[PDB]
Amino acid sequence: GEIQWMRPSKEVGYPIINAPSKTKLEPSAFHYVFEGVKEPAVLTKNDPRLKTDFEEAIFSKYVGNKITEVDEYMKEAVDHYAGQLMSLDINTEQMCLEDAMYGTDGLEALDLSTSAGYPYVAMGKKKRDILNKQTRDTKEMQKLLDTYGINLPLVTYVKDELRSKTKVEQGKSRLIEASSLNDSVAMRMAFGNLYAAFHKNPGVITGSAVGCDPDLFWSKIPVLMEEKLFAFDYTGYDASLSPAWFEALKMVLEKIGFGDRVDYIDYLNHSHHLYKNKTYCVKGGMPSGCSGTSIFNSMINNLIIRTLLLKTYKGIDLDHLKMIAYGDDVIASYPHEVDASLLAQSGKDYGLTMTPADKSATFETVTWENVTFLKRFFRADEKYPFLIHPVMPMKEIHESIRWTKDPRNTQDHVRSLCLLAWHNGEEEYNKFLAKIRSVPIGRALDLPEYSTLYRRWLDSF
């Protein structure tokens, strides 16, 4: 990522755009029942909690471009990854405007609850206005595509979401790029059969977890991994992706049959964003509010890792690589042990900031007792050891419960957190129900019992 210029958008004929300026998070019934260190993220420049300049902070992530050329380790990685995907027999055809708009097997419909973005947003126009799920009417969309085309600017927003104390003071509020309806539709027409293939095949062939259900997948994962685990964190993954990675991606796409629409990837790489009263231009990087980001980022991870293993270990057989990524998040295995500090080493040379997994001070052996994926741990059931619980820690569930975006949701919300928390075990789950019930509104809530949740789990297998 790398800004290439800002400037009042007035002098370039673009609309001013009024971001909402107030959080929607409000303390919960359970704010004082449970402890927690997190709070709403900074939404504006004029925020009392700020120990630093906002805009400087939120635009700090665009760090520059280490490389641009696809060297020969990347090339082999590309070759190896593309060959795996080839075994999925992915339909390489354009998706029709109807499926792209309304969904097919393996691809949901466009979210009607969200913005349609530029320019529809400066026209007071909405997705619901354009799209009809019932009739599956395409006439209106096609006219808007014909009229406004593709490759439109994005609209920058700051995400309203809980954030820790130090990220509040540091103004590390995260940013959002409202992709345009036109571009979502074009991206799904081109890539829809790709996204569908990935959603239908979470596992070690796609090397992606998109489409999985942790409650069930977790029992599948250890059997898919090779003997020895390794993993690490990135710092600013999207921001740190240099053009070379996007070329390598394009190469994978040519290799599995999407040659004709890799130009869509370039378009993603040069993008104009309108934030508030100005307008910038990033070169490199992929906006996160774009279609397929989630899948493309998982794809890049698979290349990034392959690249580093080939560079670091002479004669490593990639055929014994087993990894599953969900964007930057990854869990990886190999029949003999690999040193992620050494992997993090070579990653320095590609713009990649790789730190011990799980905020640890040091790189340490990754074990089935310490590895985490999608924020959850792995723990065999006590009675059926082949069945593995995805264990999210109560700390996180505690953070969530102390807040709400509408108290009308308390029952749905809390009940959802129970489906996460019982994996921590009967003694810890019951404690949870204690506290929730320690206040009156809690005792209004119908909450499942450990045994109900447990039977449901065993049955779901």
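Whichever C-alpha set is largest while still superposing within 1.5 Å between the two forms counts as the rigid core. Residue numbers here begin at 1 and follow the sequence given.
In 5 other deposited structures of this protein, superposed on the rigid core, the segment with the larger root-mean-square CA displacement between 171-179 and 351-359 is 351-359. Comparing 283-291 with 121-129 in 5 other deposited structures of this protein, after superposition on the rigid core, the stretch with the greater RMS C-alpha deviation is 283-291. Taking the PDB entry as given, 337-345 carries the higher mean Cα B factor of the two stretches 134-142 and 337-345.
In this crystal structure, the stretch out of 17-25 and 442-450 whose C-alpha atoms carry the higher mean B factor is 17-25. Across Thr166, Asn301, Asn370, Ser288, the entry's maximum B-factor at the CA atom is seen for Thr166. As recorded in the entry, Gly236 carries the highest CA temperature factor of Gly236, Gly292, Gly106, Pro119. The PDB entry assigns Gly64 a C-alpha temperature factor belonging to the highest third of its chain's modelled residues. Annotation for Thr365: C-alpha temperature factor in the highest third relative to the rest of the modelled chain, per the entry. In the deposited entry, the Cα temperature factor of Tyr313 sits in the top third of values across the chain's modelled residues. Per-chain ranking of the deposited C-alpha B factor places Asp358 in the highest third.
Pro393 sits in the lowest third of its chain by CA B factor, as recorded in the PDB entry.
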